[PDB]
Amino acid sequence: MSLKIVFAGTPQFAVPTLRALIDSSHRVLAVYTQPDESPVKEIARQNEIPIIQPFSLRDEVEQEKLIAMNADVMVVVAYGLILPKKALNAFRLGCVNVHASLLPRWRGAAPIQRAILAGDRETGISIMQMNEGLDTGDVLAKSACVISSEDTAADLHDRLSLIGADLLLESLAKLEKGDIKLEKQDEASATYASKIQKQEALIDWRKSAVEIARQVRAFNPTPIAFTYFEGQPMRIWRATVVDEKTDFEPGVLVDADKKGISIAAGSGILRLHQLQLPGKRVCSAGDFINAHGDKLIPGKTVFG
């Protein structure tokens, strides 16, 4: 077989897919990446692939340089530039994307965070035929994976990055054989995974400990969930749920121990394990107690 491919991508999520193309018999003619370096640029250089870094793909020059490549297909993974209509019609197999959700669920920029935040028990990868809309293209293939209550967005990101590489490669093979079954997106099931707004990262202590814990997981490593302590913002990096009833109001301190800073939520208890005060390194519950223990009064203190 062997296809001629232009690859476009920037952050670490894209690397495994690029590496899979590099390790295959397909020919990666060029790699497009953010101007300066990205993880993608590094792997391109290590493998003798020409590196193109336009600031914009609407510019006449850059647009025609791309369409003039004579690739069979363009593969796009986490690329920051919008692809112009001509770019999309440039190659016979079009532009194919590796999207980190099970479309039509979680179209948009933050599908990993949003899936975890919602308590989805599974998510996955969709290989998508790109068009001029936002993640509305036909789905060439899907592969699902479980989300565990242990997973942060970082963990899920890494898992999906590998699944995406394998699926993309398998899909390009079926795509050149003409063995792929298109799945048009069911608009009724479509949901949008927009970027996490800062206010969304604020912990609402009235919510269930279970809901807050999902927020803490979803938002690690960005933007990190946060609450307030002694008038100052406090980022919560690691937490766990304790399914025990309290008489205390939401946000009220239950107990402070090396095992965690236990806080009453609207139901159950959230236990803080790793946290961060302004301009300070992230610290354990034990460290925090050593520094600020005199301000930790069970039944009185109050977070948020």
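Note that residue numbering begins at 1 and tracks the sequence as displayed.
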Margin query: Quick check on the record: how many residues from the deposited sequence are absent from the model between residue 42 and residue 43 (none, 1 to 3, 4 to 9, 10 or more)?
Written below: none
Checklist line | Of 269-277 and 247-255, the stretch whose C-alpha atoms average the higher B-factor in the entry | finding: 247-255
Notebook entry, point to check: Between 172-180 and 94-102, which has the higher average C-alpha B-factor in the PDB entry?
Noted result: 172-180
Margin query: Checking the record values for 159, 206, 217, 195, which has the greatest CA B factor?
Written below: 195
Notebook entry, point to check: Which is it among 240, 63, 262, 47: the one with the largest CA B-factor in the entry?
Noted result: 63
Check: Looking at the C-alpha B-factor of residue 68, is it in the lowest, middle or highest third of its chain?
Finding: highest
Check: Hey, what third does residue 290 fall into on Cα B-factor, ranked over its chain?
Finding: highest
Next item on the list: Sorting the chain's modelled residues by C-alpha B-factor, tell me whether residue 29 ends up in the lowest, middle or highest third.
Entry: middle
Item checked: Ranked against its chain, the third holding the CA B-factor of residue 232 -> highest
Next item on the list: Check where residue 213 lands among this chain's C-alpha B-factors and tell me if it's the lowest, middle or highest third.
Entry: lowest
